[PDB]
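Dropping coords_7.cif in here (mmCIF, C-alpha atoms):
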```
data_protein
#
loop_
_atom_site.label_atom_id
_atom_site.label_comp_id
_atom_site.auth_asym_id
_atom_site.auth_seq_id
_atom_site.Cartn_x
_atom_site.Cartn_y
_atom_site.Cartn_z
CA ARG T 3859 -221.09 -230.87 119.73
CA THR T 3860 -219.54 -234.17 120.87
CA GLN T 3861 -221.43 -237.23 122.10
CA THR T 3862 -218.81 -238.60 124.47
CA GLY T 3863 -220.38 -241.93 125.38
CA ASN T 3864 -221.51 -242.85 121.88
CA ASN T 3865 -219.36 -244.90 119.54
CA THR T 3866 -219.90 -242.40 116.71
CA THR T 3867 -220.07 -238.62 117.07
CA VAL T 3868 -221.94 -236.17 114.84
CA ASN T 3869 -221.27 -232.42 114.95
CA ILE T 3870 -224.70 -230.79 114.92
CA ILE T 3871 -223.01 -227.47 115.67
CA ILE T 3872 -221.16 -227.70 112.34
CA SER T 3873 -224.14 -229.03 110.39
CA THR T 3874 -226.08 -225.94 111.48
CA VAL T 3875 -223.34 -223.66 110.14
CA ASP T 3876 -223.38 -225.63 106.89
CA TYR T 3877 -227.11 -225.06 106.45
CA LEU T 3878 -226.54 -221.40 107.28
CA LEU T 3879 -223.98 -221.15 104.49
CA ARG T 3880 -226.35 -222.81 102.03
CA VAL T 3881 -229.24 -220.49 102.88
CA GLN T 3882 -226.92 -217.48 102.70
CA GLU T 3883 -225.81 -218.48 99.21
CA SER T 3884 -229.45 -218.91 98.20
CA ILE T 3885 -230.35 -215.45 99.50
CA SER T 3886 -227.34 -213.89 97.78
CA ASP T 3887 -228.33 -215.43 94.44
CA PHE T 3888 -231.96 -214.41 94.89
CA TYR T 3889 -230.78 -210.84 95.53
CA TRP T 3890 -228.40 -210.78 92.56
CA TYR T 3891 -231.42 -211.76 90.48
CA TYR T 3892 -233.23 -208.60 91.65
CA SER T 3893 -230.33 -206.12 91.76
CA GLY T 3894 -230.93 -204.90 88.21
CA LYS T 3895 -234.72 -204.79 88.45
CA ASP T 3896 -236.32 -201.52 89.52
CA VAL T 3897 -238.95 -202.89 91.92
CA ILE T 3898 -239.29 -206.21 93.74
CA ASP T 3899 -242.58 -207.94 92.98
CA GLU T 3900 -244.95 -209.38 95.58
CA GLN T 3901 -243.80 -212.97 95.05
CA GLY T 3902 -240.18 -211.91 95.46
CA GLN T 3903 -241.07 -209.97 98.59
CA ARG T 3904 -242.74 -213.05 100.10
CA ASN T 3905 -239.81 -215.30 99.20
CA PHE T 3906 -237.32 -212.89 100.79
CA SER T 3907 -239.52 -212.79 103.89
CA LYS T 3908 -239.56 -216.58 104.23
CA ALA T 3909 -235.81 -216.90 103.62
CA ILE T 3910 -235.09 -214.12 106.13
CA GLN T 3911 -237.24 -215.91 108.71
CA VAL T 3912 -235.30 -219.14 108.15
CA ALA T 3913 -231.95 -217.35 108.42
CA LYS T 3914 -233.10 -215.53 111.56
CA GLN T 3915 -234.06 -218.81 113.22
CA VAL T 3916 -230.73 -220.38 112.26
CA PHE T 3917 -228.85 -217.40 113.72
CA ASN T 3918 -230.86 -217.66 116.94
CA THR T 3919 -230.04 -221.37 117.19
CA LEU T 3920 -226.36 -220.63 116.59
CA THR T 3921 -226.24 -217.97 119.30
CA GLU T 3922 -228.09 -220.28 121.69
CA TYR T 3923 -225.33 -222.81 121.04
CA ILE T 3924 -222.62 -220.46 122.29
CA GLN T 3925 -224.17 -218.13 124.85
CA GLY T 3926 -223.44 -219.07 128.41
CA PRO T 3927 -219.96 -219.32 127.09
CA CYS T 3928 -219.40 -222.75 125.60
CA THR T 3929 -215.72 -222.73 124.71
CA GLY T 3930 -215.95 -225.86 122.58
CA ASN T 3931 -218.82 -224.52 120.50
CA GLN T 3932 -217.09 -221.16 120.15
CA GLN T 3933 -213.94 -222.83 118.84
CA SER T 3934 -215.95 -225.03 116.48
CA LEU T 3935 -217.69 -222.00 114.98
CA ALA T 3936 -214.37 -220.15 114.82
CA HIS T 3937 -212.82 -222.93 112.74
CA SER T 3938 -216.00 -223.57 110.72
CA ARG T 3939 -217.31 -221.81 107.60
CA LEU T 3940 -219.29 -219.25 109.60
CA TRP T 3941 -217.07 -216.38 108.47
CA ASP T 3942 -217.84 -217.07 104.81
CA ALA T 3943 -221.59 -216.86 105.45
CA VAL T 3944 -221.20 -213.67 107.48
CA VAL T 3945 -219.21 -212.11 104.63
CA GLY T 3946 -222.01 -212.75 102.15
CA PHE T 3947 -224.64 -211.48 104.55
CA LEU T 3948 -222.62 -208.29 105.00
CA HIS T 3949 -222.62 -207.66 101.25
CA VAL T 3950 -226.36 -208.36 100.99
CA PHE T 3951 -227.05 -206.02 103.91
CA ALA T 3952 -224.81 -203.26 102.54
CA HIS T 3953 -226.52 -203.23 99.16
CA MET T 3954 -230.14 -204.01 100.07
CA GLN T 3955 -230.17 -201.27 102.71
CA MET T 3956 -229.28 -198.72 100.03
CA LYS T 3957 -231.70 -200.27 97.51
CA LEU T 3958 -234.87 -200.86 99.54
CA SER T 3959 -234.72 -197.50 101.32
CA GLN T 3960 -235.31 -195.56 98.11
CA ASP T 3961 -238.48 -197.54 97.33
CA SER T 3962 -241.43 -196.73 99.58
CA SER T 3963 -243.14 -200.08 98.96
CA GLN T 3964 -240.53 -202.22 100.76
CA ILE T 3965 -240.85 -200.97 104.35
CA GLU T 3966 -241.70 -204.42 105.71
CA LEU T 3967 -238.88 -206.06 103.76
CA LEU T 3968 -236.43 -203.48 105.09
CA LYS T 3969 -237.66 -204.05 108.65
CA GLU T 3970 -237.24 -207.82 108.36
CA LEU T 3971 -233.80 -207.44 106.79
CA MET T 3972 -232.62 -204.99 109.47
CA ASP T 3973 -233.72 -207.43 112.17
CA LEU T 3974 -231.78 -210.23 110.52
CA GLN T 3975 -228.76 -207.91 110.73
CA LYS T 3976 -229.32 -207.35 114.44
CA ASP T 3977 -229.48 -211.10 115.06
CA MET T 3978 -226.25 -211.59 113.08
CA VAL T 3979 -224.50 -208.94 115.17
CA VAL T 3980 -225.82 -210.50 118.38
CA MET T 3981 -224.38 -213.84 117.27
CA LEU T 3982 -221.05 -212.17 116.53
CA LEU T 3983 -221.02 -210.58 119.99
CA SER T 3984 -221.80 -213.93 121.59
CA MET T 3985 -218.81 -215.32 119.70
CA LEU T 3986 -216.52 -212.78 121.41
CA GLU T 3987 -218.22 -213.33 124.78
CA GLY T 3988 -215.57 -214.43 127.26
CA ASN T 3989 -212.67 -213.39 125.05
CA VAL T 3990 -208.98 -213.16 125.90
CA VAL T 3991 -206.37 -210.69 124.70
CA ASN T 3992 -205.00 -211.69 121.28
CA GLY T 3993 -207.44 -214.54 120.83
CA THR T 3994 -207.91 -216.72 117.79
CA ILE T 3995 -211.60 -215.77 117.54
CA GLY T 3996 -210.64 -212.11 117.62
CA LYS T 3997 -208.06 -212.66 114.89
CA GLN T 3998 -210.56 -214.46 112.66
CA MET T 3999 -213.23 -211.79 113.15
CA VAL T 4000 -210.70 -209.07 112.34
CA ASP T 4001 -209.79 -211.01 109.19
CA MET T 4002 -213.45 -211.26 108.20
CA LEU T 4003 -213.94 -207.52 108.75
CA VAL T 4004 -210.87 -206.76 106.63
CA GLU T 4005 -212.23 -209.01 103.90
CA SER T 4006 -215.62 -207.24 104.02
CA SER T 4007 -214.21 -203.74 104.60
CA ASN T 4008 -216.15 -201.94 101.86
CA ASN T 4009 -219.53 -203.39 102.81
CA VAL T 4010 -219.00 -202.36 106.43
CA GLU T 4011 -218.03 -198.86 105.32
CA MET T 4012 -221.27 -198.54 103.38
CA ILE T 4013 -223.29 -199.89 106.31
CA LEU T 4014 -221.60 -197.46 108.71
CA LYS T 4015 -222.22 -194.46 106.46
CA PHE T 4016 -225.85 -195.54 106.14
CA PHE T 4017 -226.09 -195.63 109.93
CA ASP T 4018 -224.26 -192.33 110.46
CA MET T 4019 -226.32 -190.27 108.03
CA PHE T 4020 -229.45 -191.48 109.83
CA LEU T 4021 -228.12 -191.01 113.35
CA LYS T 4022 -227.47 -187.37 112.46
CA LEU T 4023 -231.07 -187.06 111.27
CA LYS T 4024 -232.39 -186.97 114.83
CA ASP T 4025 -230.10 -184.05 115.64
CA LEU T 4026 -231.22 -182.30 112.45
CA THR T 4027 -234.91 -182.74 113.28
CA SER T 4028 -234.42 -181.73 116.93
CA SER T 4029 -232.43 -178.61 116.02
CA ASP T 4030 -234.04 -175.20 116.44
CA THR T 4031 -233.31 -174.27 112.82
CA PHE T 4032 -235.76 -177.03 111.92
CA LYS T 4033 -238.25 -175.41 114.31
CA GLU T 4034 -237.93 -172.01 112.61
CA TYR T 4035 -238.28 -173.67 109.21
CA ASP T 4036 -241.45 -175.37 110.54
CA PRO T 4037 -242.92 -172.95 113.12
CA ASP T 4038 -245.88 -175.21 113.87
CA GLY T 4039 -245.28 -178.24 116.07
CA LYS T 4040 -247.68 -180.38 114.05
CA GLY T 4041 -244.76 -182.36 112.63
CA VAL T 4042 -245.54 -181.89 108.93
CA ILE T 4043 -242.90 -180.29 106.71
CA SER T 4044 -242.71 -179.60 102.99
CA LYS T 4045 -240.04 -181.15 100.79
CA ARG T 4046 -238.50 -177.79 99.88
CA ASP T 4047 -238.34 -176.76 103.54
CA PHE T 4048 -236.80 -180.13 104.43
CA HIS T 4049 -234.20 -179.66 101.67
CA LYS T 4050 -233.25 -176.22 102.96
CA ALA T 4051 -233.16 -177.76 106.44
CA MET T 4052 -230.49 -180.22 105.31
CA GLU T 4053 -228.67 -177.40 103.51
CA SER T 4054 -228.66 -175.18 106.61
CA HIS T 4055 -227.58 -178.12 108.77
CA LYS T 4056 -224.35 -178.40 106.70
CA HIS T 4057 -223.38 -181.73 108.26
CA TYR T 4058 -224.96 -183.38 105.21
CA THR T 4059 -223.13 -183.13 101.91
CA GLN T 4060 -224.93 -182.92 98.58
CA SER T 4061 -224.92 -186.69 98.04
CA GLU T 4062 -226.33 -187.40 101.49
CA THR T 4063 -228.95 -184.67 101.07
CA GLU T 4064 -230.16 -186.04 97.74
CA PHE T 4065 -230.16 -189.60 99.08
CA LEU T 4066 -232.29 -188.52 102.05
CA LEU T 4067 -234.60 -186.76 99.60
CA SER T 4068 -234.92 -189.93 97.51
CA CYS T 4069 -235.60 -192.06 100.59
CA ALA T 4070 -238.26 -189.61 101.82
CA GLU T 4071 -241.80 -190.29 100.61
CA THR T 4072 -243.89 -187.17 100.00
CA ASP T 4073 -247.50 -186.98 98.88
CA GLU T 4074 -248.87 -184.76 96.11
CA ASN T 4075 -248.83 -181.94 98.68
CA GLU T 4076 -245.00 -181.88 98.44
CA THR T 4077 -244.96 -182.59 102.19
CA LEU T 4078 -244.07 -185.54 104.43
CA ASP T 4079 -244.21 -186.74 108.04
CA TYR T 4080 -240.66 -186.29 109.28
CA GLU T 4081 -241.42 -187.85 112.66
CA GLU T 4082 -242.37 -191.11 110.95
CA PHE T 4083 -239.39 -190.69 108.62
CA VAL T 4084 -236.85 -190.28 111.43
CA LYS T 4085 -238.45 -193.11 113.37
CA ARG T 4086 -238.31 -195.67 110.55
CA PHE T 4087 -234.74 -194.72 109.73
CA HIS T 4088 -233.48 -194.06 113.26
CA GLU T 4089 -234.46 -196.73 115.78
CA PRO T 4090 -233.10 -199.63 113.67
CA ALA T 4091 -230.05 -197.47 113.08
CA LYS T 4092 -229.78 -196.70 116.79
CA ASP T 4093 -229.87 -200.30 118.02
CA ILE T 4094 -227.91 -202.00 115.23
CA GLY T 4095 -225.25 -199.29 115.36
CA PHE T 4096 -225.01 -199.66 119.12
CA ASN T 4097 -224.43 -203.39 118.78
CA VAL T 4098 -221.81 -202.79 116.08
CA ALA T 4099 -220.08 -200.18 118.24
CA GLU D 50 -194.48 -227.02 77.05
CA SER D 51 -192.95 -230.04 78.77
CA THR D 52 -191.85 -229.54 82.38
CA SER D 53 -191.34 -233.21 83.28
CA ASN D 54 -187.98 -233.36 81.48
CA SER D 55 -186.62 -230.33 83.34
CA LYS D 56 -183.32 -232.10 83.97
CA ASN D 57 -182.63 -232.66 80.27
CA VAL D 58 -184.45 -229.78 78.55
CA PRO D 59 -185.15 -226.44 80.28
CA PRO D 60 -188.80 -225.37 80.15
CA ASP D 61 -189.79 -221.97 78.79
CA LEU D 62 -192.14 -220.83 81.54
CA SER D 63 -191.89 -217.19 80.43
CA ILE D 64 -194.57 -217.86 77.80
CA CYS D 65 -196.46 -220.24 80.11
CA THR D 66 -197.11 -217.84 83.01
CA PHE D 67 -200.59 -216.30 83.29
CA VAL D 68 -202.09 -213.76 85.69
CA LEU D 69 -205.57 -213.70 87.25
CA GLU D 70 -207.15 -210.29 86.70
CA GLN D 71 -210.80 -210.70 87.69
CA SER D 72 -212.93 -213.38 89.36
CA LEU D 73 -216.58 -212.45 88.90
CA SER D 74 -219.70 -214.49 89.54
CA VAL D 75 -221.65 -215.87 86.59
CA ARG D 76 -224.58 -213.57 87.37
CA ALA D 77 -222.32 -210.51 87.58
CA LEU D 78 -220.56 -211.46 84.34
CA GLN D 79 -223.88 -211.90 82.52
CA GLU D 80 -225.07 -208.52 83.82
CA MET D 81 -221.83 -206.85 82.70
CA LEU D 82 -222.05 -208.44 79.26
CA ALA D 83 -225.66 -207.27 78.98
CA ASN D 84 -224.45 -203.77 79.89
#
```
Please rewrite the model in this file as structure tokens.
Amino acid sequence: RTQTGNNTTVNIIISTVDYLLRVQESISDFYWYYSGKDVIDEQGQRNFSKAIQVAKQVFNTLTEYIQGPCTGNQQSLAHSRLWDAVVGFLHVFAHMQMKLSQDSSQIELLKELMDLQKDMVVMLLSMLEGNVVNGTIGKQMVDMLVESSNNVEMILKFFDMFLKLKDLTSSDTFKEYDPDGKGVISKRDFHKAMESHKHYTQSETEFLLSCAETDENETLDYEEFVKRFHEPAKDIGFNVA
Amino acid sequence: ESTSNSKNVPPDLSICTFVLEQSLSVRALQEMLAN
């Protein structure tokens, strides 16, 4: 942060945040290019993967700067442009989570993206590490949340409708819809399972249907389904909570 | 409308005021225009 002895001081902690903002803007533009398109091509999938790796490494460096609470570094990030980058990442996460889930060919991209989100939340938690009541960092994070309210609402609904999926699949009504314990259920039986559960509305039921991949046999592997859409939900949602 | 000579000639800001409705990105605006 500050080279005390040296005649001239350079703020590496701020330069890192600056690069983070630049890469976030690049990723946001490269997503806005693909928002209209139905399917992301292989080249696009590779480019997202490389950009997500770079952003993940930058987030890890930023959280290494501040863990083991470094008050100076925490204040520098608080007064830097970190909030602007986090706002853009929140929008990208809120929309790409709803987009990539429907397509069954972007499982790896979704997994990389939902690990980038976990690293971002870990960095945010490290920012609040060693907080005081009515702190400036708390005020700025509340401001950033208020600015990105809608994106967080969409993320939280995405997490909730998948955290309820474990209860649905562990319910006994599911067991009497699928008497065998093999773990393979038909799409119609899964639909009537959601309908009998009644904690899912029509929109959530149809979205779960769209995000569920079924073969020509009109059946799917709901254990694999609930896994892919539950453990990332379970850990990211815990960090957010 | 001249506002430098406010002491001698009153300015008519009523027809100079504008309001900012929307601030969209270039990509979003192009997509909307395409739609």
Counting only C-alpha atoms, what is within 7 Å of residue 3882 (chain T), bar same-chain residues fewer than 3 positions away, as number ranges by chain?
-> T: 3878-3879, 3885-3886, 3943, 3946-3947
Using C-alpha atoms, can you write the selected residues to a file as an mmCIF file, in the coordinates of the input?
```
data_model
loop_
_atom_site.group_PDB
_atom_site.id
_atom_site.type_symbol
_atom_site.label_atom_id
_atom_site.label_comp_id
_atom_site.auth_asym_id
_atom_site.auth_seq_id
_atom_site.Cartn_x
_atom_site.Cartn_y
_atom_site.Cartn_z
ATOM 1 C CA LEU T 3878 -226.540 -221.400 107.280
ATOM 2 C CA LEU T 3879 -223.980 -221.150 104.490
ATOM 3 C CA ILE T 3885 -230.350 -215.450 99.500
ATOM 4 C CA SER T 3886 -227.340 -213.890 97.780
ATOM 5 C CA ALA T 3943 -221.590 -216.860 105.450
ATOM 6 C CA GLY T 3946 -222.010 -212.750 102.150
ATOM 7 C CA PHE T 3947 -224.640 -211.480 104.550
#
```
So how many Å separate CA of residue 4075 (chain T) and CA of residue 4027 (chain T), to one decimal?
->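 That distance, rounded to one decimal, is 20.2 Å.
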Grab the CA of residue 4097 (chain T) to CA of residue 3979 (chain T) distance for me, in Å with one decimal place.
-> 6.6 Å
Would you list which chain D residues are within 12 Å of chain T using all atoms listed in the file, as an MDAnalysis selection string?
-> chainID D and resid 74:81 83:84
State, in Å with one decimal place, the distance from CA of residue 3929 (chain T) to CA of residue 4001 (chain T).
->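 A separation of 20.3 Å between them.
Taking all atoms listed in the file into account, residue 4052 (chain T) lies nearest to T:4026 out of the set T:3969, T:4033, T:4026, T:3941.
Selection check: the PyMOL selection byres ((chain T and resi 3859) around 12) on the shown file gives residues 3860, 3861, 3862, 3866, 3867, 3868, 3869, 3870, 3871, 3872, 3873, 3874, 3920, 3923, 3924, 3928, 3929, 3930, 3931, 3932, 3933, 3934 and 3935 of chain T.
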Enumerate, as an MDAnalysis selection string, the residues matched when the PyMOL selection byres ((chain T and resi 4062) around 12) is run on the file above.
-> chainID T and resid 3956 4015:4020 4022:4023 4049 4052:4053 4055:4061 4063:4069
Return the single residue from T:3984, T:3912, T:3998, T:4085 that is closest to residue 3970 (chain T), with distances computed using all atoms listed in the file.
->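 Between T:3984, T:3912, T:3998, T:4085, the residue approaching residue 3970 (chain T) most closely is T:3912.
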Please tell me which residues are no farther than 10 Å from (-243.2, -187.7, 111.4) in the file, counting only C-alpha atoms, and write them as a ChimeraX atom specification.
-> /T:4027,4040-4043,4078-4086
Would you write out, as a list in words, every residue that the PyMOL selection byres ((chain D and resi 50-53) around 12) captures in this file?
->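 So the PyMOL selection byres ((chain D and resi 50-53) around 12), applied here, picks out residues 54, 55, 56, 57, 58, 59, 60, 61, 62, 63, 64, 65 and 66 of chain D.
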